[PDB]
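The next block holds one structure in the form of structure tokens; read it before the comments.
Just so we're on the same page: letters track the sequence lines, and every chain starts at 1. Every heavy atom of this structure was used, including side-chain atoms; hydrogens, water molecules and symmetry mates were not.
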Amino acid sequence: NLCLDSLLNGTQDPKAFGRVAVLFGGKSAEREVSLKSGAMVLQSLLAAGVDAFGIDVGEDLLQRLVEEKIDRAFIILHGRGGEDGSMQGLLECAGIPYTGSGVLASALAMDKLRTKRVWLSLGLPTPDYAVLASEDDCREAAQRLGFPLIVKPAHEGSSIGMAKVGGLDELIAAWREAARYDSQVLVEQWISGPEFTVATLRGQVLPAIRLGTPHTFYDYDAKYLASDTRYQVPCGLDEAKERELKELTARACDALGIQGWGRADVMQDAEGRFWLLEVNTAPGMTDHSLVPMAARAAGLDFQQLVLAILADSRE
Amino acid sequence: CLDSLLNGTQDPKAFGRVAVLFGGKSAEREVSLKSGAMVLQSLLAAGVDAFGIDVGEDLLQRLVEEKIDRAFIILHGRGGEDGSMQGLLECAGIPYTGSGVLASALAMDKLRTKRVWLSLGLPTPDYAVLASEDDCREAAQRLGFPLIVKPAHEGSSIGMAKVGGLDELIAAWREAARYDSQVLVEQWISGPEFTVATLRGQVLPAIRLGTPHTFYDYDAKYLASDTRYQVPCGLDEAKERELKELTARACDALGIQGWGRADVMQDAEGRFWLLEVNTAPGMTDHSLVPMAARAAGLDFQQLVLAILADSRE
Ligand SMILES: Nc1ncnc2c1ncn2[C@@H]1O[C@H](COP(=O)(O)OP(=O)(O)O)[C@@H](O)[C@H]1O
Ligand SMILES: Nc1ncnc2c1ncn2[C@@H]1O[C@H](COP(=O)(O)OP(=O)(O)O)[C@@H](O)[C@H]1O
Ligand SMILES: N[C@@H]1CON=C1OP(=O)(O)O
Ligand SMILES: N[C@@H]1CON=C1OP(=O)(O)O
Ligand SMILES: [Mg+2]
Ligand SMILES: [Mg+2]
Ligand SMILES: [Mg+2]
Ligand SMILES: [Mg+2]
């Protein structure tokens, strides 16, 4: 449950966190988003008076880690190399405590196919889908699922490599484009209705946000470049519905082992049923970003939000 | 096919400089030290440009010093087969042997591994999660006796005990909780024990295990002199094929890559029960993957080279 008080815990002493390294950048397709998220986190942590410094994660990372003294690592990398468990395992081997989900949870939630597979085995709702690896797999998926469809790489974020398709020819093309980012490509049935995102923080589910864009879907341009994107807090859901969405988010995150914080993306169809899309374990922290927005609705500014994430890493 | 296992092993210099990672900080460090020594010595004798790293608080400094084209992971337990070392190597840009981050983390967790098996309808003993004395009492009522208690993330039978009554159930739970807050307990399977190695996607001959001890515990694995190893096992062709095929499904269910070793019990009616899968199996002189590799034809040098050759993908 949303308890503003217990959300802030190790928050009051920015000196007690030690020297904190903010890990951002990286070599994934979401690097540009990570840079903006890192600059935001580093600036807020510095203004809070924590012993913070930034590391653009690159080829010199292991050298950086042995040279600098580091008491805590705040992971704000996006995509593979940051959210997939690899950076988490590195920090565990380096004996450095870090923020967010563990190795297994991070690796699982990065894999949309494996995440959906876990969800289905627990009776949790997630759109029907197919795995695309050939033109024949596209013809099979188009036959069984109809149109429109949503094509996505399995290990991507920020809607990169994604496409809404209305025909088999558009589907084959969208499969070949996503395959440029990831040999694992999945296609989902298009859910028509409201889009919601649900942030979680230290085990607590934050107020849901309703999303809207004139674009065909919530794509890259709608997320970080456009200006006509609509964010509604509170979401227009009634009490019993927002509780249903919140309880569903908690079951979907718990099923993956999510820890510390995260953000769930959920669609709703014309009959009111919710459908789980993905879970992000190092969500964005830019100006356009949604976890900060749901935090403000909960009652925390951007400075208390990062300190709460940092304070959770102490267990 | 023994031709397929040996592919990419003809030229030992094609692997470049190979770092053997062993030791570690887990409860299985002593076993990993013996495993590392065997792997390192074999590689050097094969003409591989190999050297050893004792994984400790030193790790990152060694990795920025040494030139490494490939890493042979032969760590045991948490910090080694749990995806943590695999994740570091992928950040460092060093290719490595064995399963990946997700598969290693999954196989290290006996509970989630069992849950993955149950969801696919694969047999594995009925169990309970123990976090309190009440949990012990609930399990005793539902499961009966005897039972076997184990930590979720351990190996080499560390922290394990077979228990025949409720009083020793709770004692076994507290001892197992010294190694891991995640503790499970299974119904004891009375019958033959097997282990089944897998290599480069191929299931090797199964081995039958016996010991005077109440189970295949740490002493029976590395100290006693009277542990019994049967290759071929006394199973007929249809039953050993059944065992090999179930091993393949159980390993593929976890994403196991390169090599591994599955532990399987057989009850009094012939049915097989999956226990666990190890993603960096032991390579000591008491170890079972070298024994199953010899049953398939390969000597110790071909086994390590086959493992190394598979990591080139
Ligand atoms: N099955 C679907 N039905 C409708 N819209 C979808 C579907 N899958 C994805 N989308 C749209 O694509 C966006 C990105 O997809 P998502 O699965 O969240 O992955 P990511 O954001 O990591 O690329 C979502 O915000 C949503 O608007
Ligand atoms: N359900 C069971 N029934 C009978 N014996 C078991 C059972 N579970 C474990 N054992 C015994 O304990 C040993 C170790 O169990 P295992 O699950 O392989 O743990 P570890 O990872 O420590 O080897 C096995 O080799 C087997 O002899
Ligand atoms: N992966 C992105 C980057 O920050 N927030 C994330 O969530 P997503 O865009 O994948 O829905
Ligand atoms: N994890 C141990 C150490 O090396 N070999 C392993 O097999 P296990 O004892 O877990 O059955
Ligand atoms: Mg995402
Ligand atoms: Mg998303
Ligand atoms: Mg084991
Ligand atoms: Mg075992």
Side-chain angles (χ1 to χ4, degrees), chain A residues 1-14 16-23 41 45 48 50-52 70-77 82-83 85 87-109 199-206 249-251 253-263 279-283 285 291 295 298 300 303-315, chain B residues 26 78-79 82-84 87 105 108-109 111-112 129-132 135 151-154 174 176-183:
Chain A
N1 282 335
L2 177 92
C3 187
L4 195 126
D5 195 47
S6 92
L7 275 172
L8 328 172
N9 251 19
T11 285
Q12 299 59 26
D13 207 347
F17 284 128
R19 216 201 170 207
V20 161
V22 173
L23 298 180
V41 165
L45 275 169
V50 86
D51 198 356
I70 295 163
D71 297 311
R72 307 227 122 55
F74 194 122
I75 307 170
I76 200 49
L77 288 147
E83 303 179 73
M87 177 82 26
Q88 287 73 26
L90 169 152
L91 297 164
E92 286 188 6
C93 291
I96 305 187
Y98 61 92
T99 63
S101 308
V103 168
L104 176 58
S106 298
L108 190 52
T200 189
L201 177 56
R202 302 189 62 160
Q204 303 172 32
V205 190
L206 298 198
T249 304
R251 269 163 91 200
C253 291
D254 283 321
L256 300 175
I258 306 306
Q259 271 188 242
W261 66 314
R263 210 197 70 232
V279 177
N280 306 281
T281 46
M285 292 300 246
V291 172
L300 329 180
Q303 195 209 262
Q304 297 166 294
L305 172 58
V306 288
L307 284 158
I309 294 161
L310 214 51
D312 173 272
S313 76
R314 299 258 218 101
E315 297 97 277
Chain B
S26 88
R78 275 167 292 184
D82 61 351
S84 61
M108 184 93 273
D109 195 324
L111 274 153
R112 327 248 166 167
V129 180
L130 306 182
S132 69
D135 285 333
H153 301 87
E154 273 296 326
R174 304 211 226 252
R178 278 168 38 159
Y179 297 99
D180 193 1
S181 72
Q182 304 289 114
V183 177

To the nearest 0.5 Å, how far apart are [atom1] in [X] and [atom2] in [Y]?
{"X": "A/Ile96", "Y": "A/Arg72", "atom1": "CD1", "atom2": "CZ", "answer": "11.0 Å"}
{"X": "B/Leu130", "Y": "B/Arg174", "atom1": "CG", "atom2": "CZ", "answer": "11.5 Å"}
{"X": "A/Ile75", "Y": "A/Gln88", "atom1": "CD1", "atom2": "CD", "answer": "4.0 Å"}
{"X": "A/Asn9", "Y": "A/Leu307", "atom1": "CG", "atom2": "CG", "answer": "12.0 Å"}
{"X": "A/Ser313", "Y": "A/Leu91", "atom1": "OG", "atom2": "CG", "answer": "11.0 Å"}

inquiry  = side-chain hydrogen bond (donor to acceptor under 3.5 Å, both in side chains) for B/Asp82 and B/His153? Distances and angles first, verdict last.
reply    = CA-CA 8 Å; B/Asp82 61 351; B/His153 301 87; over 6 Å; no
Using the salt bridge (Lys or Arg N to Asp or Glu O under 4.0 Å) criterion, which residues pair with [X]? Sequence neighbours excluded.
{"X": "B/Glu154", "result": "B/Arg78"}
{"X": "A/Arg202", "result": "none"}
{"X": "A/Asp312", "result": "none"}
{"X": "A/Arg251", "result": "none"}

request  = Take B/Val129 and B/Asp135 through the test side-chain contact (heavy atoms from CB on, under 4.5 Å) and record every step on the way to the result.
outcome  = CA-CA 7 Å; B/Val129 180; B/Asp135 285 333; 5.9 Å; no
key: All side chain to side chain donor-acceptor pair (under 3.5 Å) counterparts of B/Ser181, not counting sequence neighbours   =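 By the side chain to side chain donor-acceptor pair (under 3.5 Å) rule, B/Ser181 matches no residue at all.
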Identify the heavy atoms of [X] and [Y] that sit nearest to each other, and give their distance.
{"X": "A/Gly18", "Y": "A/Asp51", "result": "O-CB, 3.4 Å"}
{"X": "A/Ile76", "Y": "A/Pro283", "result": "CD1-O, 3.3 Å"}
{"X": "A/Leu2", "Y": "A/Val205", "result": "CB-O, 4.3 Å"}
{"X": "A/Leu8", "Y": "A/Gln304", "result": "CD1-NE2, 3.5 Å"}
{"X": "A/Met285", "Y": "A/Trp261", "result": "SD-CZ3, 3.7 Å"}
{"X": "A/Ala298", "Y": "A/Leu206", "result": "CB-CD2, 4.1 Å"}

When you compare the side chain of [Y] with that of [X], does any pair of heavy atoms fall below 4.5 Å?
{"X": "A/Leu45", "Y": "A/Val41", "result": "yes"}
{"X": "A/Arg263", "Y": "A/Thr200", "result": "no"}
{"X": "A/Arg19", "Y": "A/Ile70", "result": "no"}
{"X": "A/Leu23", "Y": "A/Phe74", "result": "no"}

Within the distance-only criterion (no hydrogens, no angle test), does the side chain of [X] pair as donor or acceptor with the backbone N or O of [Y] below 3.5 angstrom?
{"X": "A/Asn280", "Y": "A/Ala282", "value": "no"}
{"X": "A/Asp71", "Y": "A/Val20", "value": "no"}
{"X": "A/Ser106", "Y": "A/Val103", "value": "no"}

message = With side chain to side chain donor-acceptor pair (under 3.5 Å) as the rule and sequence neighbours excluded, what pairs involving residues 96-105 of chain A come up?
response =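 Sorted result for residues 96-105 of chain A: A/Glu92-A/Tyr98.
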query = Taking it one step at a time, do A/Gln204 and A/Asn1 satisfy side-chain contact (heavy atoms from CB on, under 4.5 Å)?
reply = CA-CA 5 Å; A/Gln204 303 172 32; A/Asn1 282 335; over 6 Å; no
ask   = Could you go step by step and tell me if A/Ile258 and A/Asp254 meet the side-chain contact (heavy atoms from CB on, under 4.5 Å) rule?
value = CA-CA 6 Å; A/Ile258 306 306; A/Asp254 283 321; over 6 Å; no
inquiry  = Applying side-chain contact (heavy atoms from CB on, under 4.5 Å) to A/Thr249 and A/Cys253, what does each step give before you reach the verdict?
reply    = CA-CA 6 Å; A/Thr249 304; A/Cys253 291; 4.2 Å; yes
